[PDB]
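Have a look at the structure below, then the notes.
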Amino acid sequence: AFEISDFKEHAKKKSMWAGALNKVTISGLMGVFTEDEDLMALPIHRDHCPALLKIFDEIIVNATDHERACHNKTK
Amino acid sequence: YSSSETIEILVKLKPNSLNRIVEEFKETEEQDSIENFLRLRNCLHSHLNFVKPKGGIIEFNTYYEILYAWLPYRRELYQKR
Amino acid sequence: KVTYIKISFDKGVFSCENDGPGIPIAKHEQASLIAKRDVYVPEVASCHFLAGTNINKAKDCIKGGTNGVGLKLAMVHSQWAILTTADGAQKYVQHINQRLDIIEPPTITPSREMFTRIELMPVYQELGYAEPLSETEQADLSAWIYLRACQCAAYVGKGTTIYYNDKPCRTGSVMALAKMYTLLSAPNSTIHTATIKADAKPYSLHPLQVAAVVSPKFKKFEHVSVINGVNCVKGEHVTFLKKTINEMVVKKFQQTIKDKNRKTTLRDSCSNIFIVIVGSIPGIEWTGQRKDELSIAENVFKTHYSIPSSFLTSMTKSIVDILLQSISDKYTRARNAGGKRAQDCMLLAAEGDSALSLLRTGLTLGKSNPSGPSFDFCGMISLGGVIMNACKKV
Amino acid sequence: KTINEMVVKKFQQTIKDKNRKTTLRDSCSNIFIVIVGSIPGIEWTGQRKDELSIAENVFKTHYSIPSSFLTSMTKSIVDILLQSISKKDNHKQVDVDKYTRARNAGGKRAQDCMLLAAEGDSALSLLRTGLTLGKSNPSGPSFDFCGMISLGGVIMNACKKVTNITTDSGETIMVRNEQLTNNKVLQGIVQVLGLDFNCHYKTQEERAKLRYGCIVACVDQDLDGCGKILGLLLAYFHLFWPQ
Amino acid sequence: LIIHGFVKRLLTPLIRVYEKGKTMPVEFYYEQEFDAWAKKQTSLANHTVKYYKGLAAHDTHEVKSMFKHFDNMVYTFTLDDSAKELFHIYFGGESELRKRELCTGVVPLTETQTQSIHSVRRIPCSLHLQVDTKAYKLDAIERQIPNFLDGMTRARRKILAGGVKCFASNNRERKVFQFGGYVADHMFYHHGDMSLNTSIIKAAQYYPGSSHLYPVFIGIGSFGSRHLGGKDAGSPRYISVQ
DNA sequence: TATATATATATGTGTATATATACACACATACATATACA
DNA sequence: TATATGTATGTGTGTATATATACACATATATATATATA
């Protein structure tokens, strides 16, 4: 059967947008952990959802985009 | 410390280990504990399988059979010489 | 069934044709309601983004397709294209031009053929190429497509021939692929082979075929993967093989070395390996439309798959040989060995080296023996004394 | 690639082996780099933006890596490369081939031990027969103060596989050949006696650092063995340590 | 592939005999065939028997006459259905099948089978395993197991006969390789030289725990000790026997 | 294009070291695969 | 958590089968390596 999808349902079903929509092994996955006033970058040896990290990432890069866009400006 | 034709082997033991050898490598009445420790017996196990004249294997059970098979050939050889 | 996939690339035009059931020649209701005119299924399949038969993929589905996007990506990068498809009662021809801007109405006739053909001219100039293609661009692109077809020929089933520019594609086995990739770095080399099976469905339905070469003149680890038909370049299947081989290599290296202290890692273990992995894996996901990298939990392989130990042992042996080597024959090839008249040839396996002296004396009577053999169809090799028996060692 | 090109150059410079070939994995496997900033005109391989897409020549044409950074990096990397050249390939090994050490080699009575260097292995069979006269020869030697090693047939001569380099300081130096360096017999006997090539052994507290303090060549008496290889052995010890 | 004709072999002479005058030799392929032939004769005073040990002992006119008829003398193996049991008997890991078979001698070859082999030019694998492999295994039992009368094998019997013949005039010492050349010439030994010299060395040895308690020879030189099991002798250019 | 290295091959008569493979069987060392459990 | 229990390797003997390698010695030739010229 040939189906036509909209953006919404597509993005919920398809991994092409943000990565896998379930937990997979992400090679090089790191996080920052505090050990007595010291930041350490440590590996996270546990599967996680790439799309879940992407929704954080998309907003964060929108913010840093705005920062560059305004850095030579008045406001 | 062996000679050219005489055996002389010298081991050294770490202290307080003879009694562990005696209680750990057990003694039967066929071999000692020290001989069980130091590999000091073997079995003389035979496989008496020869070839016979005019070709072919022959298999004996004891050395007396080989002697009793050997004697008449020498007897007849004296008669013909 | 699909009995053939004909691919061609000539004068810039690119074409691909398969012979299973065609695309349904039928009106698409919802697509027509959207378009307010008559739209048939091939037009949706080729011109409607996010549309296809894989929008709702099953967890066991091993098709590469998932997004309903790829075909329209081909159309959007085509100056002109022709979709032709026949279902045994009708044939359907639709022309899709100007990067999906001109979609001509289709032409539907009776036909008893059954097939699907996409034929198109890319926008080479818009994409950075010469118009028409230069000698080098043409040769590069032909070589690359030819390679992709060889990969298909190893991935596709056994009733399916892959053609490129009408010649059949030779490489129906991962061993053929391994030999193709290593013909120069390491000709005449040893090919370790394994079929990696799983015990639980769906994975047990899809064994992975593997061929690996191990050479001191390989500078880094290298793999070729066809997974679900996709030539992807990154995925935890590779890491599964790498880690397994490494664990065995470390064990036997510390065994064989009487140094007993040195610590080697995966780079030492694997930098002399070239591996081809071909097959299907159900339930995988990708990192984008390109499908460069598959996404999966590593434990899928730890739980379900096992690498045959004979392959692991062979591999570890070759690798540990190289490791110790880094720390510190008698075959006259016939002129026609492995070519078009390869089955016309003999191999005179002699027992030593004095025997080869006799045979090389004999096969060179050029005009004292005009009806005899010669090295055009005869080789020589030494049996090395007495052959090992395999009946007591298997 | 930039770091690798510099690392290869300085590795071949610093190494006097001058033959080994290292690639990018050797160059870079000990590196952790952080790169932060903006690049105009890049493209990606998907929405996720895992991989940026660019022509390599953008950097070859436009960018330059400061040489101080390249130099620092190459220095650290080649230090590790030479450490791995002193290790790995050259790690802990074992005794030499057809060699029977004495019980008192390199110890408190190291100087009073002999090395009976023989010509092959049938001679070592004779010497093993004779150094084990247990109580039939109380005045003879045994393995408490005697060793055995084989000379491998005919010794290589060093008097014509070596070159003099008169240094600009004035004191000339004597560099061996790669063939003479890689001979198994001579490497074995300079490993056994603990010799050194930049020690002239002129005083006695530097001759007390030999593993045992005399060599005795037990060779044949035909002219092939008494004249030839005994002469080449004398020539080797003349050319390197006449003291 | 044994079904579909992939394993082939040549077929060479083992003994050629040359008649004085005539220009064709008589070629025998098995040794017992020649022995039964040569026992039938009454006057072999002008024939020259040539034994061809390996195939590299073949002269130039002989290799020319063997390579004019190359495809005339290649054979091909055909696989039977009874062959699996014979391949399991001769080369399997169970020895008692091989004891039970190898009592009786080799079955002679019939006339119909001979004409079929030489005419249609193909070989059944079972008919090969029950002649060639079985004849080899009986030969290896003859060479590697002693006779119960004298106690010595075939090689040591040749060595004792050649030693009685060699040292007859005076009991002057020889080397090992020179005495080995003598006993390979006059006792018609048809094998290699390294194994014969090893046999002479181990026949001369005498130490506590050696094989022989009453050796045939007096050994003069270094003949090994108890410690390495007699595997630490000299090379055969050094040591002597008497 | 030049003057200059240092390593590299081949010939006869000599000096020295080796190594896989078959074949039988009593014996030694390595797990490992369960089966009660715990 | 100890126990057996059926797996798999592994040298070793005599008589066979087939090979491999280091060194010395003289002199003519060689193919790439090197300064400094510039």
Revision key, fill the gap. The condition of being within 30 Å of B:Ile9 (Cβ to Cβ) and charged (D, E, K, R) holds, among E:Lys134, E:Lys175, E:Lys202, only for E:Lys202
Study note, to complete from the structure: Within the stretch C:320-332, of all residues that are in a loop (DSSP other than H, G, I, E, B) and closer than 30 Å to C:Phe253 by Cβ, the one nearest to DNA strand G (Cβ to nearest atom) is C:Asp329
Practice item. With the condition kept exactly as written, say whether any residue in the stretch C:81-92 is of a type outside the set (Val, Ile, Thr), over 27 Å from the mean Cα position of the chain (by Cα) and closer than 30 Å to C:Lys201 by Cβ. Key: no
Study note, to complete from the structure: Within the stretch C:104-144, the residues that are buried (at least 17 other Cβ atoms within 10 Å of the Cβ) and part of a helix (DSSP H, G or I) are C:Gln138, C:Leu141
**Study point:** Output for the stretch B:26-62, where each listed residue is in a strand (DSSP E or B), touching a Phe, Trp or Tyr at 6+ places or on another chain (Cβ under 7 Å) and more than 16 Å from DNA strand G (Cβ to nearest atom)
**Key:** B:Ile58
Exercise for review: Please verify whether the stretch D:122-144 includes one or more residues that are of a type in the set (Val, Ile, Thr), within 20 Å of D:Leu230 (Cα to Cα) and within 16 Å of DNA strand F (Cβ to nearest atom).
Suggested key: no
Review point. Pairs under 7 Å by beta carbon, first residue more than 14 Å from chain C (Cβ to nearest Cβ) and more than 18 Å from E:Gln242 (Cα to Cα) in the stretch E:180-192, partner within 16 Å of DNA strand F (Cβ to nearest atom) and of a type outside the set (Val, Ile, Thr), six or more apart or different chains?
Key: E:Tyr189/E:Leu196
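So that you can scan it fast, the table gives a plain yes or no per residue for (1) more than 33 Å from the chain's Cα centre (by Cα); (2) more than 9 Å from every other protein chain (Cβ to nearest Cβ); (3) within 16 Å of DNA strand G (Cβ to nearest atom); (4) more than 30 Å from E:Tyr90 (Cβ to Cβ):
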{"site": "C:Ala334", "(1), (2), (3), (4)": "no, yes, no, yes"}
{"site": "C:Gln343", "(1), (2), (3), (4)": "no, yes, no, yes"}
{"site": "C:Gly352", "(1), (2), (3), (4)": "yes, no, yes, no"}
{"site": "C:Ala355", "(1), (2), (3), (4)": "yes, no, yes, no"}
{"site": "C:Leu359", "(1), (2), (3), (4)": "yes, no, yes, no"}
{"site": "C:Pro370", "(1), (2), (3), (4)": "yes, yes, no, yes"}
{"site": "C:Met380", "(1), (2), (3), (4)": "yes, yes, yes, no"}
{"site": "C:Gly384", "(1), (2), (3), (4)": "yes, yes, yes, no"}
Point to revise | Hits in the stretch C:299-344 (condition: within 18 Å of C:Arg267 (Cβ to Cβ) and either of a type in the set (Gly, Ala, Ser) or touching a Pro at 6+ places or on another chain (Cβ under 8 Å) (or both)) | key: C:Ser318, C:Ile322, C:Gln325, C:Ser326
**Study point:** Filter pass, E:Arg143 being within 12 Å of another protein chain (Cβ to nearest Cβ), within 16 Å of DNA strand F (Cβ to nearest atom) and assigned to a helix (DSSP H, G or I)
**Key:** yes
Review point. Hey, does the stretch C:28-39 have a residue that's among the charged types (D, E, K, R), within 14 Å of chain A (Cβ to nearest Cβ) and either surrounded by fewer than 20 Cβ atoms within 10 Å (Cβ to Cβ) or in contact with a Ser or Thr (Cβ under 6 Å, 6 or more places away or on another chain) (or both)?
Key: yes
Practice item. Run down C:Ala350, C:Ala297 and say which single residue is in contact with a helix residue (DSSP H, G or I) (Cβ under 9 Å, 6 or more places away or on another chain) and within 30 Å of C:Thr66 (Cβ to Cβ). Key: C:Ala297
**Study point:** Residues (within 16 Å of DNA strand F (Cβ to nearest atom) and away from every other protein chain (no Cβ under 14 Å)) located in the stretch E:103-130
**Key:** E:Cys125, E:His128, E:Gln130
Review point. Which of the residues that make up the stretch D:194-243 are within 28 Å of D:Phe143 (Cβ to Cβ), within 16 Å of DNA strand G (Cβ to nearest atom) and either touching a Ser or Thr at 6+ places or on another chain (Cβ under 7 Å) or not in a helix (DSSP H, G or I) (or both)?
Key: D:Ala217, D:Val219, D:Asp220
Point to revise | Members of the stretch E:140-154 found to be out of contact with any helix residue (DSSP H, G or I) (no Cβ under 9 Å at 6 or more places or on another chain) and more than 9 Å from DNA strand G (Cβ to nearest atom), listed by number | key: E:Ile141, E:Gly151
Exercise for review: Only residues in the stretch C:101-113 that are of a type in the set (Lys, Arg) count as the first member; pair them with residues that are part of a loop (DSSP other than H, G, I, E, B), Cβ under 9 angstrom, at least 6 apart or cross-chain, and list the lot.
Suggested key: C:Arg112/C:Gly88; C:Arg112/C:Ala89
Practice item. Can you tell me which residue within the stretch E:83-95, out of those that are in a helix (DSSP H, G or I) and charged (D, E, K, R), is nearest to C:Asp344 (Cα to Cα)? Key: E:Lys84
Check your understanding: So which of C:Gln255, C:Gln209 ends up being more than 11 Å from every other protein chain (Cβ to nearest Cβ), of a type outside the set (D, E, K, R) and within 30 Å of D:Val94 (Cα to Cα)?
Key -> C:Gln255
Review point. Does the stretch E:161-175 contain any residue that is under 28 Å from E:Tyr29 (Cβ atoms) and out of contact with any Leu (no Cβ under 7 Å at 6 or more places or on another chain)?
Key: no
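Residue-wise test of (1) touching a strand residue (DSSP E or B) at 6+ places or on another chain (Cβ under 7 Å); (2) within 30 Å of C:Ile227 (Cβ to Cβ); (3) of a type in the set (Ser, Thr, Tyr); (4) in a helix (DSSP H, G or I).
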{"residue": "C:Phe49", "(1), (2), (3), (4)": "no, yes, no, no"}
{"residue": "C:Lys59", "(1), (2), (3), (4)": "no, yes, no, no"}
{"residue": "C:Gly64", "(1), (2), (3), (4)": "yes, yes, no, no"}
{"residue": "C:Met75", "(1), (2), (3), (4)": "yes, yes, no, yes"}
{"residue": "C:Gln79", "(1), (2), (3), (4)": "yes, no, no, no"}
Exercise for review: Could you figure out which of (1) within 14 Å of chain B (Cβ to nearest Cβ); (2) over 21 Å from the mean Cα position of the chain (by Cα); (3) closer than 25 Å to E:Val26 by Cβ isn't true of E:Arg100?
Suggested key: (3)
Exercise for review: State the number of residues belonging to the stretch D:156-193 that are surrounded by 14 or more Cβ atoms within 10 Å (Cβ to Cβ) and either part of a strand (DSSP E or B) or of a type outside the set (A, V, I, L, M) (or both).
Suggested key: 8
Check your understanding: Taking the condition assigned to a loop (DSSP other than H, G, I, E, B), touching a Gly at 6+ places or on another chain (Cβ under 7 Å), more than 15 Å from DNA strand G (Cβ to nearest atom) and hydrophobic (A, V, I, L, M, F, W, C), does D:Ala105 pass?
Key -> yes
Check your understanding: In the stretch E:70-97, which residue that is within 30 Å of C:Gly372 (Cβ to Cβ) and at the interface with chain C (Cβ under 9 Å from one of its Cβ atoms) is farthest from DNA strand G (Cβ to nearest atom)?
Key -> E:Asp71
Revision key, fill the gap. Considering the stretch D:110-139, residues that are loosely packed, with under 12 Cβ neighbours inside 10 Å and within 14 Å of chain B (Cβ to nearest Cβ), and then whichever is nearest to D:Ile189 (Cα to Cα), we arrive at D:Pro138
Check your understanding: Does D:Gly153 satisfy being on the phi > 0 side of the Ramachandran plot and in contact with an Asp or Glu (Cβ under 8 Å, 6 or more places away or on another chain)?
Key -> yes
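As a convention, Cβ positions derive from the backbone with ideal geometry for all residues, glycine included, and neighbour counts pool all protein chains shown. Read-outs throughout are calculated quantities, based only on the coordinates presented, and are distinct from any laboratory measurement.
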